[PDB]
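**Q**
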Amino acid sequence: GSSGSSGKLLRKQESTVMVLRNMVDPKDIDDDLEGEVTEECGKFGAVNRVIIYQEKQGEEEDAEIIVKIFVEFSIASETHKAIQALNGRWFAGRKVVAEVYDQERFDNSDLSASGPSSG
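What follows is the structure in structure tokens.
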């Protein structure tokens, strides 16, 4: 028993969504990648879902293209681990950077922006 069946504590809502960057160019992105990243994350903990978002961040016609890989886990703890580790992992001839995303905004499907801005 947990000294109670229903109720809530003064605990906060940690972020369980890790965002990988500098993983792989937008060219390697294939139907296989997703799976590869999924099985690779399985190590840390139970992978809830993965979201791949990419876009242009330069006015130039052929500017650079970044890649934002979101990895949602079952719990915050697990996510923290993958981050504390992948936060400086070594990729096959490249460097990996795992940052912590914002759950608050993650509540909705607003990637480009954060939260539904009044206007």
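Last residue of the sequence shown: 548 in the authors' numbering, with the numbers rising by one and none dropped.
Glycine is no exception: its CB is placed at the ideal position from the N, C-alpha and C atoms.
(1) Here's a check: name, in chain order, each residue in its chain whose Cβ is nearer than 6 Å to the Cβ of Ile480, leaving out the five neighbours to either side.
(2) Look up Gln483 in the DSSP assignment and say whether it is helix, strand or coil.
(3) Are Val496 and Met447 touching if we call contact CB-CB under 9 Å?
(4) Smallest Cα separation from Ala514: which of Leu449, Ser432, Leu439, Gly522?
(5) Quick check on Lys437: does DSSP put it in helix, strand or coil?
(6) Please report the residue range of the alpha helix (DSSP H) in which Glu501 lies.
(7) Are there 16 or more other CB atoms within 10 angstroms of the CB of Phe520, so buried, or fewer, so exposed?
(8) Expressed to the nearest angstrom, what Euclidean distance is found between the alpha-carbon atoms of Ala527 and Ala511?
**A** Working from what's here:
(1) The count along the sequence shown starts at 1 and reaches residue 480 at position 51. Excluding positions up to five away in sequence, the list reads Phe499.
(2) The residue given as residue 483 occupies position 54 in the sequence shown. Here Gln483 sits in strand by DSSP.
(3) For the purposes of this step, residue 496 is identified with residue 67 of the sequence shown, where counting begins at 1. For the purposes of this step, residue 447 is identified with residue 18 of the sequence shown, where counting begins at 1. No.
(4) As a first step, residue 514 is located in the sequence shown; it is residue number 85 there, counting from the start. Of the candidates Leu449, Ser432, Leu439, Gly522, the one whose C-alpha sits nearest the C-alpha of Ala514 is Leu449.
(5) For this step, residue 437 is matched to residue 8 along the sequence shown. Of the three classes helix, strand and coil, the one that applies to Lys437 here is coil, per DSSP.
(6) For the purposes of this step, residue 501 is taken as the residue at position 72 of the sequence shown. Run containing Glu501: none in the alpha helix (DSSP H); it sits in the beta strand (DSSP E), 494 to 502.
(7) If you number the sequence shown from 1, residue 520 lands on position 91. Sixteen is the threshold: since fewer than 16 other Cβ atoms of the shown chains lie within 10 Å of the Cβ of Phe520, the residue is exposed.
(8) Sequence index remark: in the sequence shown, residue 527 carries index 98 (1-based). Sequence index remark: in the sequence shown, residue 511 carries index 82 (1-based). Across the structure, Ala527 and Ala511 are spaced so that their CA atoms are roughly 8 Å apart.
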